[PDB]
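S.K.: Below are the C-alpha cells for one structure; questions will follow.
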Amino acid sequence: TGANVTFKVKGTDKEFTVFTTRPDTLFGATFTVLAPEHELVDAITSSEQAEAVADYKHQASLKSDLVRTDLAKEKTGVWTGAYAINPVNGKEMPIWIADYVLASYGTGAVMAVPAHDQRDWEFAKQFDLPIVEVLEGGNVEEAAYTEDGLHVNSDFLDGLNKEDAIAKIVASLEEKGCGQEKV
Ligand SMILES: Nc1ncnc2c1ncn2[C@@H]1O[C@@H](COP(=O)(O)O)[C@@H]2O[B@-]3(OCc4ccc([C@H](O)c5ccccc5)cc43)O[C@H]21
C-alpha cells in the first residue's frame with residue numbers, strides 16, 4: 001500500500017511519477033532523485049550538466065543492485081540541471097540522479113524526504129541539501145526520524161498522525177489527478 005505522485009519539470013512540458021510509501025511527508029520533500037537509467041534523464045539534463053550526467057550513468061551501470069542499495073556505501077550523484085514542481089505548493093525541488101535509486105523498482109524515481117528517510121538523509125548530508133521536519137518526535141538535523149508523530153510544516157495536514165495524514169493527502173491528490181493510491 002503506497003502511492004504515486006506526479007511532478008512537473010519546470011520550464012518544460014515533461015512529467016515524472018514517483019512511488020512513495022509516505023505521501024504524507026510531501027511538504028518535507030526538498031529534492032527529487034531519478035535512477036541514472038530513468039528514461040526522462042537525457043531529455044531534462046541541461047547542456048552544462050550533460051557530460052557529468054553521462055559520466056555518472058556509466059559509473060552507475062558498473063554497480064550491481066546490491067552494491068547500490070547498501071546503506072554503508074558513500075552516497076554519490078549529480079544534478080541534472082532541472083527542477084521538479086511540488087503539486088501542493090508549487091515549490092521547486094532540484095532533480096538529481098543518484099545510484100541509490102534503482103531503475104526497476106516502483107517508477108525508478110523518488111521524492112527525497114531527508115528528515116524522515118535514512119538514505120535521503122545521508123544524501124542531503126553529503127550534498128549540503130535542506131532537511132525539513134514534517135513529523136515531530138526527533139531531532140532531524142542529527143538523525144532521520146522514521147517513526148510516527150504529529151505533522152508540522154505541512155499546511156492542511158498539521159496536527160494529524162500518519163494514518164490520518166496519508167488518507168487526507170492521498171484523497172486530496174486524487175481530486176487533482178496529481179496522485180492516487182498504488183500497490
Ligand atoms: N526505485 C527506488 N529505488 C530506491 N528507493 C525507492 C525506489 N522507489 C521508491 N523508493 C523509496 O522506498 C519507498 C518505499 O519502499 P518500500 O516499498 O520497500 O517500503 C519509498 O517511499 B519513500 O517516499 C518518501 C519517503 C519518506 C520516508 C520514508 C521512510 O523510509 C519510511 C517509510 C515507511 C515508514 C517509516 C519511514 C520512505 C519514503 O521513499 C521511497
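Starting from 1 in every chain, residues are counted up; chains themselves are A, B, ... following the order of the C-alpha cells, and ligands are numbered from 1 as listed.
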DSSP on the backbone, alpha helix (DSSP H) only: what residues of region 12-172 of chain A does that give? Format it as a PDB file with N, CA and C atoms, in the first residue's frame.

M.R.:
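Generated output (states_14.pdb):
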ATOM      1  N   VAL A  41      15.808  11.199 -18.076  1.00  0.00           N
ATOM      2  CA  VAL A  41      17.063  11.870 -17.722  1.00  0.00           C
ATOM      3  C   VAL A  41      17.665  12.688 -18.878  1.00  0.00           C
ATOM      4  N   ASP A  42      17.902  12.038 -20.016  1.00  0.00           N
ATOM      5  CA  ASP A  42      18.547  12.702 -21.157  1.00  0.00           C
ATOM      6  C   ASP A  42      17.780  13.934 -21.633  1.00  0.00           C
ATOM      7  N   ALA A  43      16.447  13.849 -21.656  1.00  0.00           N
ATOM      8  CA  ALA A  43      15.584  14.961 -22.082  1.00  0.00           C
ATOM      9  C   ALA A  43      15.653  16.232 -21.211  1.00  0.00           C
ATOM     10  N   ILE A  44      15.831  16.070 -19.902  1.00  0.00           N
ATOM     11  CA  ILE A  44      15.751  17.222 -18.986  1.00  0.00           C
ATOM     12  C   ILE A  44      17.109  17.718 -18.506  1.00  0.00           C
ATOM     13  N   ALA A  50      25.402  17.971 -18.960  1.00  0.00           N
ATOM     14  CA  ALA A  50      25.356  16.797 -19.859  1.00  0.00           C
ATOM     15  C   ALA A  50      26.506  15.796 -19.666  1.00  0.00           C
ATOM     16  N   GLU A  51      27.748  16.286 -19.691  1.00  0.00           N
ATOM     17  CA  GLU A  51      28.933  15.426 -19.589  1.00  0.00           C
ATOM     18  C   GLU A  51      29.076  14.752 -18.213  1.00  0.00           C
ATOM     19  N   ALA A  52      28.826  15.504 -17.144  1.00  0.00           N
ATOM     20  CA  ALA A  52      28.830  14.947 -15.796  1.00  0.00           C
ATOM     21  C   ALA A  52      27.742  13.882 -15.621  1.00  0.00           C
ATOM     22  N   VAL A  53      26.554  14.130 -16.174  1.00  0.00           N
ATOM     23  CA  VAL A  53      25.462  13.144 -16.172  1.00  0.00           C
ATOM     24  C   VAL A  53      25.853  11.865 -16.951  1.00  0.00           C
ATOM     25  N   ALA A  54      26.483  12.032 -18.119  1.00  0.00           N
ATOM     26  CA  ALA A  54      26.958  10.883 -18.921  1.00  0.00           C
ATOM     27  C   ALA A  54      27.988  10.040 -18.171  1.00  0.00           C
ATOM     28  N   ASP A  55      28.958  10.710 -17.551  1.00  0.00           N
ATOM     29  CA  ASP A  55      29.984  10.062 -16.735  1.00  0.00           C
ATOM     30  C   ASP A  55      29.412   9.263 -15.557  1.00  0.00           C
ATOM     31  N   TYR A  56      28.440   9.855 -14.866  1.00  0.00           N
ATOM     32  CA  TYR A  56      27.807   9.194 -13.737  1.00  0.00           C
ATOM     33  C   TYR A  56      26.972   7.984 -14.152  1.00  0.00           C
ATOM     34  N   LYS A  57      26.247   8.100 -15.266  1.00  0.00           N
ATOM     35  CA  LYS A  57      25.452   6.983 -15.786  1.00  0.00           C
ATOM     36  C   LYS A  57      26.335   5.764 -16.094  1.00  0.00           C
ATOM     37  N   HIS A  58      27.511   6.018 -16.673  1.00  0.00           N
ATOM     38  CA  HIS A  58      28.479   4.959 -16.960  1.00  0.00           C
ATOM     39  C   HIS A  58      28.967   4.289 -15.682  1.00  0.00           C
ATOM     40  N   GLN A  59      29.376   5.102 -14.708  1.00  0.00           N
ATOM     41  CA  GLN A  59      29.792   4.619 -13.390  1.00  0.00           C
ATOM     42  C   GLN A  59      28.715   3.784 -12.701  1.00  0.00           C
ATOM     43  N   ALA A  60      27.458   4.223 -12.807  1.00  0.00           N
ATOM     44  CA  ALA A  60      26.324   3.541 -12.162  1.00  0.00           C
ATOM     45  C   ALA A  60      26.021   2.168 -12.774  1.00  0.00           C
ATOM     46  N   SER A  61      26.172   2.062 -14.097  1.00  0.00           N
ATOM     47  CA  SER A  61      25.889   0.809 -14.819  1.00  0.00           C
ATOM     48  C   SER A  61      26.899  -0.309 -14.501  1.00  0.00           C
ATOM     49  N   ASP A  65      22.761  -3.964  -8.184  1.00  0.00           N
ATOM     50  CA  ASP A  65      21.684  -3.547  -7.293  1.00  0.00           C
ATOM     51  C   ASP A  65      22.083  -3.612  -5.819  1.00  0.00           C
ATOM     52  N   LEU A  66      22.640  -4.753  -5.407  1.00  0.00           N
ATOM     53  CA  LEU A  66      23.055  -4.959  -4.015  1.00  0.00           C
ATOM     54  C   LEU A  66      24.040  -3.888  -3.552  1.00  0.00           C
ATOM     55  N   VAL A  67      25.070  -3.632  -4.356  1.00  0.00           N
ATOM     56  CA  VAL A  67      26.078  -2.619  -4.039  1.00  0.00           C
ATOM     57  C   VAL A  67      25.448  -1.205  -3.958  1.00  0.00           C
ATOM     58  N   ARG A  68      24.485  -0.949  -4.839  1.00  0.00           N
ATOM     59  CA  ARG A  68      23.825   0.355  -4.915  1.00  0.00           C
ATOM     60  C   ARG A  68      22.874   0.656  -3.741  1.00  0.00           C
ATOM     61  N   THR A  69      22.183  -0.362  -3.224  1.00  0.00           N
ATOM     62  CA  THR A  69      21.249  -0.156  -2.100  1.00  0.00           C
ATOM     63  C   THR A  69      21.874  -0.410  -0.720  1.00  0.00           C
ATOM     64  N   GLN A 118      16.313   7.448   5.872  1.00  0.00           N
ATOM     65  CA  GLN A 118      17.737   7.376   6.180  1.00  0.00           C
ATOM     66  C   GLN A 118      18.658   7.598   4.981  1.00  0.00           C
ATOM     67  N   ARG A 119      18.306   6.986   3.854  1.00  0.00           N
ATOM     68  CA  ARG A 119      19.127   7.100   2.658  1.00  0.00           C
ATOM     69  C   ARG A 119      19.093   8.542   2.124  1.00  0.00           C
ATOM     70  N   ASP A 120      17.906   9.148   2.146  1.00  0.00           N
ATOM     71  CA  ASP A 120      17.722  10.538   1.704  1.00  0.00           C
ATOM     72  C   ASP A 120      18.517  11.487   2.612  1.00  0.00           C
ATOM     73  N   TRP A 121      18.491  11.207   3.917  1.00  0.00           N
ATOM     74  CA  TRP A 121      19.234  11.984   4.918  1.00  0.00           C
ATOM     75  C   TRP A 121      20.737  11.946   4.638  1.00  0.00           C
ATOM     76  N   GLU A 122      21.257  10.749   4.373  1.00  0.00           N
ATOM     77  CA  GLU A 122      22.673  10.591   4.040  1.00  0.00           C
ATOM     78  C   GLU A 122      23.045  11.384   2.773  1.00  0.00           C
ATOM     79  N   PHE A 123      22.164  11.342   1.774  1.00  0.00           N
ATOM     80  CA  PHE A 123      22.416  12.080   0.521  1.00  0.00           C
ATOM     81  C   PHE A 123      22.443  13.578   0.788  1.00  0.00           C
ATOM     82  N   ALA A 124      21.423  14.076   1.487  1.00  0.00           N
ATOM     83  CA  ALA A 124      21.349  15.501   1.843  1.00  0.00           C
ATOM     84  C   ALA A 124      22.577  15.940   2.646  1.00  0.00           C
ATOM     85  N   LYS A 125      23.015  15.114   3.602  1.00  0.00           N
ATOM     86  CA  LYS A 125      24.229  15.429   4.371  1.00  0.00           C
ATOM     87  C   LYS A 125      25.476  15.471   3.481  1.00  0.00           C
ATOM     88  N   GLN A 126      25.592  14.517   2.568  1.00  0.00           N
ATOM     89  CA  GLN A 126      26.702  14.510   1.634  1.00  0.00           C
ATOM     90  C   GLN A 126      26.727  15.758   0.730  1.00  0.00           C
ATOM     91  N   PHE A 127      25.551  16.215   0.310  1.00  0.00           N
ATOM     92  CA  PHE A 127      25.464  17.279  -0.689  1.00  0.00           C
ATOM     93  C   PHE A 127      24.972  18.637  -0.167  1.00  0.00           C
ATOM     94  N   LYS A 162       0.133   9.688  11.177  1.00  0.00           N
ATOM     95  CA  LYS A 162       0.460   9.042   9.901  1.00  0.00           C
ATOM     96  C   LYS A 162      -0.782   8.564   9.147  1.00  0.00           C
ATOM     97  N   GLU A 163      -1.551   7.663   9.759  1.00  0.00           N
ATOM     98  CA  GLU A 163      -2.807   7.172   9.174  1.00  0.00           C
ATOM     99  C   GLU A 163      -3.680   8.293   8.612  1.00  0.00           C
ATOM    100  N   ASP A 164      -4.044   9.239   9.476  1.00  0.00           N
ATOM    101  CA  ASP A 164      -4.967  10.320   9.121  1.00  0.00           C
ATOM    102  C   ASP A 164      -4.414  11.223   8.016  1.00  0.00           C
ATOM    103  N   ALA A 165      -3.119  11.533   8.094  1.00  0.00           N
ATOM    104  CA  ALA A 165      -2.467  12.399   7.104  1.00  0.00           C
ATOM    105  C   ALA A 165      -2.368  11.739   5.730  1.00  0.00           C
ATOM    106  N   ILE A 166      -1.950  10.473   5.695  1.00  0.00           N
ATOM    107  CA  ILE A 166      -1.875   9.712   4.443  1.00  0.00           C
ATOM    108  C   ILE A 166      -3.235   9.717   3.748  1.00  0.00           C
ATOM    109  N   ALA A 167      -4.271   9.332   4.495  1.00  0.00           N
ATOM    110  CA  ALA A 167      -5.639   9.294   3.988  1.00  0.00           C
ATOM    111  C   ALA A 167      -6.070  10.631   3.388  1.00  0.00           C
ATOM    112  N   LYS A 168      -5.726  11.728   4.059  1.00  0.00           N
ATOM    113  CA  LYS A 168      -6.111  13.066   3.612  1.00  0.00           C
ATOM    114  C   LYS A 168      -5.353  13.543   2.373  1.00  0.00           C
ATOM    115  N   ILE A 169      -4.027  13.394   2.379  1.00  0.00           N
ATOM    116  CA  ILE A 169      -3.201  13.820   1.242  1.00  0.00           C
ATOM    117  C   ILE A 169      -3.487  12.990  -0.020  1.00  0.00           C
ATOM    118  N   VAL A 170      -3.635  11.672   0.143  1.00  0.00           N
ATOM    119  CA  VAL A 170      -3.964  10.778  -0.973  1.00  0.00           C
ATOM    120  C   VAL A 170      -5.287  11.209  -1.598  1.00  0.00           C
ATOM    121  N   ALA A 171      -6.321  11.328  -0.765  1.00  0.00           N
ATOM    122  CA  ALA A 171      -7.632  11.811  -1.206  1.00  0.00           C
ATOM    123  C   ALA A 171      -7.563  13.190  -1.877  1.00  0.00           C
ATOM    124  N   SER A 172      -6.674  14.056  -1.392  1.00  0.00           N
ATOM    125  CA  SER A 172      -6.517  15.404  -1.951  1.00  0.00           C
ATOM    126  C   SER A 172      -5.754  15.435  -3.282  1.00  0.00           C
TER     127      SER A 172
END

S.K.: Grab me every residue within 8 Å of ligand 1, counting only C-alpha atoms and all ligand atoms, and send it over as a PDB file with N, CA, C and O atoms, in the first residue's frame.

M.R.:
ATOM      1  N   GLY A   2       1.085   1.808  -1.191  1.00  0.00           N
ATOM      2  CA  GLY A   2       1.814   3.063  -1.340  1.00  0.00           C
ATOM      3  C   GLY A   2       0.989   4.062  -2.120  1.00  0.00           C
ATOM      4  O   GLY A   2      -0.246   4.042  -2.060  1.00  0.00           O
ATOM      5  N   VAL A  18       6.616   9.447  -9.089  1.00  0.00           N
ATOM      6  CA  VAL A  18       7.399   8.724  -8.103  1.00  0.00           C
ATOM      7  C   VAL A  18       6.498   7.731  -7.381  1.00  0.00           C
ATOM      8  O   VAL A  18       5.282   7.938  -7.288  1.00  0.00           O
ATOM      9  N   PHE A  19       7.091   6.650  -6.888  1.00  0.00           N
ATOM     10  CA  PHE A  19       6.395   5.790  -5.942  1.00  0.00           C
ATOM     11  C   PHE A  19       6.820   6.140  -4.522  1.00  0.00           C
ATOM     12  O   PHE A  19       8.018   6.175  -4.212  1.00  0.00           O
ATOM     13  N   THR A  20       5.832   6.409  -3.670  1.00  0.00           N
ATOM     14  CA  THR A  20       6.107   6.681  -2.268  1.00  0.00           C
ATOM     15  C   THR A  20       5.228   5.879  -1.316  1.00  0.00           C
ATOM     16  O   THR A  20       4.033   5.675  -1.552  1.00  0.00           O
ATOM     17  N   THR A  21       5.852   5.437  -0.232  1.00  0.00           N
ATOM     18  CA  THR A  21       5.153   4.788   0.857  1.00  0.00           C
ATOM     19  C   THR A  21       4.668   5.824   1.884  1.00  0.00           C
ATOM     20  O   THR A  21       3.838   5.522   2.745  1.00  0.00           O
ATOM     21  N   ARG A  22       5.159   7.059   1.775  1.00  0.00           N
ATOM     22  CA  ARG A  22       4.805   8.100   2.738  1.00  0.00           C
ATOM     23  C   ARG A  22       4.374   9.402   2.073  1.00  0.00           C
ATOM     24  O   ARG A  22       5.043  10.430   2.238  1.00  0.00           O
ATOM     25  N   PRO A  23       3.239   9.381   1.344  1.00  0.00           N
ATOM     26  CA  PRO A  23       2.757  10.582   0.654  1.00  0.00           C
ATOM     27  C   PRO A  23       2.470  11.735   1.621  1.00  0.00           C
ATOM     28  O   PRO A  23       2.417  12.890   1.200  1.00  0.00           O
ATOM     29  N   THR A  25       4.455  12.916   3.746  1.00  0.00           N
ATOM     30  CA  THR A  25       5.665  13.703   4.001  1.00  0.00           C
ATOM     31  C   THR A  25       5.967  14.669   2.844  1.00  0.00           C
ATOM     32  O   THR A  25       7.047  15.256   2.780  1.00  0.00           O
ATOM     33  N   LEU A  26       5.005  14.825   1.937  1.00  0.00           N
ATOM     34  CA  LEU A  26       5.183  15.626   0.724  1.00  0.00           C
ATOM     35  C   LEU A  26       5.732  17.048   0.964  1.00  0.00           C
ATOM     36  O   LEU A  26       6.584  17.512   0.209  1.00  0.00           O
ATOM     37  N   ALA A  29       9.490  17.077   1.241  1.00  0.00           N
ATOM     38  CA  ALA A  29      10.302  16.674   0.081  1.00  0.00           C
ATOM     39  C   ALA A  29      11.112  17.863  -0.434  1.00  0.00           C
ATOM     40  O   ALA A  29      10.544  18.782  -1.033  1.00  0.00           O
ATOM     41  N   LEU A  34      16.111  10.668  -9.601  1.00  0.00           N
ATOM     42  CA  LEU A  34      15.801   9.660 -10.609  1.00  0.00           C
ATOM     43  C   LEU A  34      16.932   8.645 -10.663  1.00  0.00           C
ATOM     44  O   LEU A  34      18.093   8.988 -10.435  1.00  0.00           O
ATOM     45  N   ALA A  35      16.595   7.393 -10.963  1.00  0.00           N
ATOM     46  CA  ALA A  35      17.618   6.413 -11.284  1.00  0.00           C
ATOM     47  C   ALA A  35      18.420   6.953 -12.475  1.00  0.00           C
ATOM     48  O   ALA A  35      17.852   7.556 -13.386  1.00  0.00           O
ATOM     49  N   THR A  69      22.183  -0.362  -3.224  1.00  0.00           N
ATOM     50  CA  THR A  69      21.249  -0.156  -2.100  1.00  0.00           C
ATOM     51  C   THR A  69      21.874  -0.410  -0.720  1.00  0.00           C
ATOM     52  O   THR A  69      21.190  -0.330   0.308  1.00  0.00           O
ATOM     53  N   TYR A 100      21.639   5.167  -5.641  1.00  0.00           N
ATOM     54  CA  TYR A 100      20.858   4.508  -4.589  1.00  0.00           C
ATOM     55  C   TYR A 100      19.389   4.392  -4.954  1.00  0.00           C
ATOM     56  O   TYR A 100      18.626   3.713  -4.271  1.00  0.00           O
ATOM     57  N   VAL A 101      18.990   5.042  -6.044  1.00  0.00           N
ATOM     58  CA  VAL A 101      17.676   4.819  -6.621  1.00  0.00           C
ATOM     59  C   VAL A 101      17.846   3.815  -7.775  1.00  0.00           C
ATOM     60  O   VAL A 101      18.727   3.987  -8.623  1.00  0.00           O
ATOM     61  N   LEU A 102      17.032   2.753  -7.760  1.00  0.00           N
ATOM     62  CA  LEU A 102      17.095   1.666  -8.760  1.00  0.00           C
ATOM     63  C   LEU A 102      16.059   1.849  -9.853  1.00  0.00           C
ATOM     64  O   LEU A 102      14.914   2.187  -9.575  1.00  0.00           O
ATOM     65  N   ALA A 103      16.469   1.604 -11.095  1.00  0.00           N
ATOM     66  CA  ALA A 103      15.600   1.750 -12.266  1.00  0.00           C
ATOM     67  C   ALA A 103      14.356   0.863 -12.226  1.00  0.00           C
ATOM     68  O   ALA A 103      13.277   1.293 -12.634  1.00  0.00           O
ATOM     69  N   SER A 104      14.504  -0.362 -11.724  1.00  0.00           N
ATOM     70  CA  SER A 104      13.453  -1.380 -11.873  1.00  0.00           C
ATOM     71  C   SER A 104      12.401  -1.430 -10.760  1.00  0.00           C
ATOM     72  O   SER A 104      11.397  -2.127 -10.897  1.00  0.00           O
ATOM     73  N   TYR A 105      12.622  -0.702  -9.667  1.00  0.00           N
ATOM     74  CA  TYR A 105      11.675  -0.712  -8.556  1.00  0.00           C
ATOM     75  C   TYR A 105      10.753   0.502  -8.611  1.00  0.00           C
ATOM     76  O   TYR A 105      11.206   1.616  -8.896  1.00  0.00           O
ATOM     77  N   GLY A 106       9.463   0.284  -8.356  1.00  0.00           N
ATOM     78  CA  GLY A 106       8.469   1.358  -8.405  1.00  0.00           C
ATOM     79  C   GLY A 106       8.483   1.997  -9.778  1.00  0.00           C
ATOM     80  O   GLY A 106       8.372   1.297 -10.784  1.00  0.00           O
ATOM     81  N   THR A 107       8.648   3.321  -9.834  1.00  0.00           N
ATOM     82  CA  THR A 107       8.765   4.018 -11.126  1.00  0.00           C
ATOM     83  C   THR A 107      10.216   4.313 -11.528  1.00  0.00           C
ATOM     84  O   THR A 107      10.481   4.824 -12.622  1.00  0.00           O
ATOM     85  N   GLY A 108      11.156   4.009 -10.643  1.00  0.00           N
ATOM     86  CA  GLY A 108      12.551   4.394 -10.855  1.00  0.00           C
ATOM     87  C   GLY A 108      12.820   5.859 -10.502  1.00  0.00           C
ATOM     88  O   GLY A 108      13.888   6.383 -10.817  1.00  0.00           O
ATOM     89  N   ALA A 109      11.848   6.513  -9.859  1.00  0.00           N
ATOM     90  CA  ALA A 109      12.017   7.887  -9.346  1.00  0.00           C
ATOM     91  C   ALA A 109      11.446   8.040  -7.929  1.00  0.00           C
ATOM     92  O   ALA A 109      10.436   7.410  -7.595  1.00  0.00           O
ATOM     93  N   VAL A 110      12.091   8.875  -7.103  1.00  0.00           N
ATOM     94  CA  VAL A 110      11.612   9.148  -5.737  1.00  0.00           C
ATOM     95  C   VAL A 110      11.504  10.639  -5.417  1.00  0.00           C
ATOM     96  O   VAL A 110      12.183  11.478  -6.032  1.00  0.00           O
ATOM     97  N   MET A 111      10.640  10.962  -4.457  1.00  0.00           N
ATOM     98  CA  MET A 111      10.732  12.241  -3.759  1.00  0.00           C
ATOM     99  C   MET A 111      11.603  12.009  -2.526  1.00  0.00           C
ATOM    100  O   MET A 111      11.404  11.032  -1.771  1.00  0.00           O
ATOM    101  N   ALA A 112      12.592  12.872  -2.328  1.00  0.00           N
ATOM    102  CA  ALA A 112      13.521  12.678  -1.219  1.00  0.00           C
ATOM    103  C   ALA A 112      13.065  13.476  -0.008  1.00  0.00           C
ATOM    104  O   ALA A 112      12.831  14.681  -0.107  1.00  0.00           O
ATOM    105  N   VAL A 113      12.901  12.784   1.117  1.00  0.00           N
ATOM    106  CA  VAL A 113      12.489  13.414   2.380  1.00  0.00           C
ATOM    107  C   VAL A 113      13.585  13.123   3.409  1.00  0.00           C
ATOM    108  O   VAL A 113      13.480  12.164   4.189  1.00  0.00           O
ATOM    109  N   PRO A 114      14.659  13.928   3.391  1.00  0.00           N
ATOM    110  CA  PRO A 114      15.820  13.672   4.251  1.00  0.00           C
ATOM    111  C   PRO A 114      15.524  13.662   5.755  1.00  0.00           C
ATOM    112  O   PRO A 114      16.189  12.933   6.487  1.00  0.00           O
ATOM    113  N   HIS A 116      13.121  12.242   7.228  1.00  0.00           N
ATOM    114  CA  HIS A 116      12.411  11.034   7.634  1.00  0.00           C
ATOM    115  C   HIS A 116      12.779   9.734   6.908  1.00  0.00           C
ATOM    116  O   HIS A 116      12.204   8.683   7.193  1.00  0.00           O
ATOM    117  N   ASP A 117      13.746   9.798   5.998  1.00  0.00           N
ATOM    118  CA  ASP A 117      14.260   8.597   5.332  1.00  0.00           C
ATOM    119  C   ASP A 117      15.772   8.579   5.448  1.00  0.00           C
ATOM    120  O   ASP A 117      16.442   9.562   5.139  1.00  0.00           O
ATOM    121  N   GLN A 118      16.313   7.448   5.872  1.00  0.00           N
ATOM    122  CA  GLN A 118      17.737   7.376   6.180  1.00  0.00           C
ATOM    123  C   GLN A 118      18.658   7.598   4.981  1.00  0.00           C
ATOM    124  O   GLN A 118      19.689   8.282   5.092  1.00  0.00           O
ATOM    125  N   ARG A 119      18.306   6.986   3.854  1.00  0.00           N
ATOM    126  CA  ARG A 119      19.127   7.100   2.658  1.00  0.00           C
ATOM    127  C   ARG A 119      19.093   8.542   2.124  1.00  0.00           C
ATOM    128  O   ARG A 119      20.122   9.083   1.727  1.00  0.00           O
ATOM    129  N   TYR A 145      14.279  10.862  11.370  1.00  0.00           N
ATOM    130  CA  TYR A 145      13.240  10.381  12.283  1.00  0.00           C
ATOM    131  C   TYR A 145      12.194   9.568  11.517  1.00  0.00           C
ATOM    132  O   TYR A 145      11.356  10.124  10.800  1.00  0.00           O
ATOM    133  N   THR A 146      12.249   8.248  11.693  1.00  0.00           N
ATOM    134  CA  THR A 146      11.489   7.328  10.857  1.00  0.00           C
ATOM    135  C   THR A 146      10.214   6.790  11.504  1.00  0.00           C
ATOM    136  O   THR A 146       9.606   5.859  10.984  1.00  0.00           O
ATOM    137  N   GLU A 147       9.799   7.378  12.624  1.00  0.00           N
ATOM    138  CA  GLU A 147       8.639   6.881  13.353  1.00  0.00           C
ATOM    139  C   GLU A 147       7.433   7.803  13.210  1.00  0.00           C
ATOM    140  O   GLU A 147       7.493   8.811  12.507  1.00  0.00           O
ATOM    141  N   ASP A 148       6.343   7.444  13.888  1.00  0.00           N
ATOM    142  CA  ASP A 148       5.094   8.197  13.852  1.00  0.00           C
ATOM    143  C   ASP A 148       5.196   9.449  14.712  1.00  0.00           C
ATOM    144  O   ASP A 148       5.947   9.493  15.688  1.00  0.00           O
TER     145      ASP A 148
END

S.K.: For residue 144 (chain A), which residue among A:31, A:132, A:183, A:175 is the nearest when counting only C-alpha atoms?

M.R.: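 Looking only at the distances to residue 144 (chain A), the closest residue turns out to be A:132.
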
S.K.: Rank nothing, just name the residue among A:4, A:17, A:32, A:80 nearest to residue 49 (chain A), using only C-alpha atoms.

M.R.: A:80

S.K.: Would you work out the distance separating CA of residue 141 (chain A) from CA of residue 128 (chain A), expressed in Å to one decimal?

M.R.: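 Going from CA of residue 141 (chain A) over to CA of residue 128 (chain A), I get 11.6 Å.
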
S.K.: Enumerate as a ChimeraX atom specification all residues of region 44-181 of chain A assigned to strand (DSSP E or B) by DSSP on the backbone, naming them with the chain letters and numbers the document uses.

M.R.: /A:78-85,92-97,109-112,135,151,179-181

S.K.: If you measure from CA of residue 64 (chain A) to CA of residue 14 (chain A), what distance in Å do you get, rounded to one decimal?

M.R.: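 Taking CA of residue 64 (chain A) as the start and CA of residue 14 (chain A) as the end point, the length is 29.2 Å.
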
S.K.: Determine the nearest neighbour of residue 33 (chain A) from the options A:98, A:115, A:82, A:9, counting only C-alpha atoms.

M.R.: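 Between A:98, A:115, A:82, A:9, the residue approaching residue 33 (chain A) most closely is A:98.
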
S.K.: Between A:131, A:94, A:176, A:5, which has the minimum distance to residue 24 (chain A) (counting only C-alpha atoms)?

M.R.: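 Under the stated criterion, the closest residue is A:5.
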